[PDB]
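Fold and contact review
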Amino acid sequence: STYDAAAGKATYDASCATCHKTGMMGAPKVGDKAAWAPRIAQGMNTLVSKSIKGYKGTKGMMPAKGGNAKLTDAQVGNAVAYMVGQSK
Ligand code: HEB
Ligand code: NA
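Moving on to the site of ligand 1. Close contacts around ligand 1 come from 30 residues, with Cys16, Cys19, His20, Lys59 and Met62 the closest. Backbone polar atom of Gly60 to an oxygen atom of ligand 1: 3.0 Å apart, as the coordinates give it. When atoms are counted within 2 Å of each cavity's grid points, the one that captures over half of ligand 1 is the largest pocket. Elements supplying a minimum of two residues to the shell around ligand 1: α2 (17-20), α3 (33-40), α4 (44-53), β2 (61-62) and α5 (73-85). With four residues, α5 is the largest single contributor of residues to the shell around ligand 1. Partitioned by chemical class, the residues of the shell around ligand 1 number 16 nonpolar, 10 polar and four charged.

Moving on, we come to the coordination of the iron atom of ligand 1. Around the iron atom of ligand 1, the donor atoms from the protein are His20 (NE2) and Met62 (SD), and they sit 2.0 to 2.3 Å away. One can describe the donor arrangement at the iron atom of ligand 1 as octahedral, given that its six donor atoms subtend angles of 87 to 179° at the metal. Taken together, the residues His20 in helix α2 and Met62 in strand β2 connect sequence positions 42 residues apart.

The UniProt record annotates "binding site: heme c" at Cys16, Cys19, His20 and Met62. These residues run over 47 residues, yet every pair of their C-alpha atoms falls within 10.2 Å of each other. Those annotated residues lining the largest pocket are, specifically, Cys16, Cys19, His20 and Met62. Note that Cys16 resides in the loop between α1 (5-15) and α2. Not counting chain neighbours up to four residues away, the residues in contact with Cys16 comprise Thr11 and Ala79. In this structure, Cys19 sits in helix α2. Other than its neighbours up to four places away in sequence, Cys19 contacts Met24 and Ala27.

Let us now look at the layout of surface pockets. Approximately 570 Å³ is the volume found for the largest pocket. In this structure, the largest pocket is lined by 31 residues; those nearest its centre are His20, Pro28, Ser51, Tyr55 and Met62. Mapped by element, the contributors of at least two residues to the lining of the largest pocket are α2, α3, α4, β2 and α5. Across the lining of the largest pocket, the residue classes break down as 17 nonpolar, 10 polar and four charged.

Cut-offs and rules
- Residues numbered from 1 in each chain as written, not as in the entry; some residues may be left out.
- Chains lettered and ligands numbered in written order.
- Heavy atoms only, no water.
- Near = heavy atom within 4 Å.
- Polar contact = N/O pair within 3.5 Å; in protein donor to acceptor, adjacent residues only side chain to side chain.
- 1 Å grid on protein atoms, 1.4 Å probe; cavity = no way out; pocket = protein on both sides within 12 Å on 5 of 7 lines; lining within 4 Å.
- Sits in = over half its atoms within 2 Å of the grid points.
- Helix = DSSP H or I, 4+ residues; strand = E, 2+ residues; numbered from the N terminus.
- Nonpolar A, V, L, I, M, F, W, Y, C, P; charged D, E, K, R; others polar.
- Donors = N, O, S within 2.8 Å, 3.2 Å for Na, K, Ca; no water.
- Tetrahedral: all angles 85-135°; square planar, octahedral: opposite > 155°, others 65-115°.
- UniProt positions renumbered as here; feature names shortened; annotations may be inferred.
- Contact = heavy atoms within 4.5 Å.
- Points joined across faces, edges and corners; volume = space filled by probe spheres on them.

What follows is the structure in structure tokens.
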């Protein structure tokens, strides 16, 4: 159901920050407002779907579930909620 960005921080820290804290190899850096603005406009459904499925965009490779197949979709989406909430 509804996103839990606070619970999402645990997943973000363990599984996502490794690329997104500094923005390595094209990953949009958490807190980078210009990088995130058009991504946020896609809405959460699309952000979370692309995060669970993986994709390659103009910046680099976003691996499915951050590369950790042991994550649930709920955990991944909660981590996205955390990232978006910190990037406005
Ligand atoms: C290896 C490294 C890495 C990692 C680990 C990650 C991990 C992650 N991630 Fe990432 N990403 C990335 C890399 C990455 N990543 C990149 C590079 C990108 C960009 C792509 C393009 O091009 O755009 C992204 C992107 C991204 C996004 C955006 C989308 C759109 O715009 O549509 C999101 C939301 C995310 C989330 C995430 C999460 C939640 C996680 C954990 C689970 N990602
Ligand atoms: Na929607």
